[PDB]
Structures are given as structure tokens and as C-alpha cells.
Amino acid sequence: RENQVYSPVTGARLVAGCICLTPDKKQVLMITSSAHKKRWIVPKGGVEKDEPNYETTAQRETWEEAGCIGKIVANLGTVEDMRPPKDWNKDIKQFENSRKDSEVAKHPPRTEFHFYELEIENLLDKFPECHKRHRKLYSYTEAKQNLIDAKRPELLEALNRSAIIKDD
């Protein structure tokens, strides 16, 4: 329902989420997508009209989606879902070509993500989406492949900004 907050400039849906790392920073916590059960992503969701800051949304969604509690240790800034709309692929005008490069036809972002790095302090067996999702730790190498397979490079960008150890 329309508790959802949108960018006043681009109309993009405002979403906050967490890159949750182990204290030793060797693994990130990932969740299966609701719609597609074999796609691994990170906890995130729409900011609601009442919420005073993005941190609130981020920790609310990390609890609801992954039953994960911890402390925010870093602001990882913003990334955008630049997937085109659903009008695409049956459109006549689809790509815009340069001289030494090619691009998708100009469009506003679907979603503007505000990501935070969280140090995991606890994982609980019962959480709201307990029976709707799976939730597992993954090394950088394994996490990177998950987000490529999921078709979510913007979530990988968020992950790359974190203090996760990539040398493995």
C-alpha cells in the first residue's frame, strides 16, 4: 500500500538496505528473493512515510527479511536500479548508439538504494519472513556470483563499497 516514499526529482522508489558482514568481515549475509526462490540478494525494502531516516528502514528490513540484528558501522551511500520499464522490448526505439560505445535508451531509475554496512551481532531462527525466504552467509567470491546470477549489479556495487575481504 502507498506508505511508499519516492524521489521528488526522478520518481524513483526510495529503498534502504544492509550489507551485513561477520565481525571478521570474510562473509556477507544473503537472502533468497520472494518471487524467484533460487535468486540470492541482500536485505532491503521501501522507506515508509513515518520513518525518520534510512538507517531505520535498513535495520527494519534486515530484521523482517533475514532475522538479523547488528550495528551500522558505515554509510555505503547510494546505488540505482537502472533496469528499464516493462514497456521495453516491444518498443520501436530501444537503444541509443554513440561512435565508440552503446547505451540503453535514456530513462529515470526504477529505485534509489541507500545502503549501510552492518556488523552482525545475532541471527534469530524466528523472524517475520521465516518461512518465505532462506538466509545464508557467503564469501566475497560466492556473493559476487550470486548478485550477477540475480541480475543485480547495483547490489554488487553496494557490496564492493563495504569492508568485506575480497582476497579469497
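So that the term is clear: the rigid core is the largest set of C-alpha atoms that superpose within 1.5 Å between two forms. So that there is no doubt, residue numbering starts at 1 and follows the sequence shown.
Taking the rigid core as the alignment reference, the C-alpha atoms of 35-43 lie farther on average from the displayed form in 7 other deposited structures of this protein than those of the other stretch among 35-43 and 59-67.
The mean Cα B-factor in the deposited entry runs higher for 101-109 than for the other of 101-109 and 51-59. Averaged over Cα atoms, the B-factor as recorded in the entry is higher for 34-42 than for the other of 120-128 and 34-42.
Taking only the listed residues 73, 92, 79, 76, the entry reports the highest CA temperature factor at 92. Residue 26: CA B factor lies in the highest third for its chain, per the PDB record.
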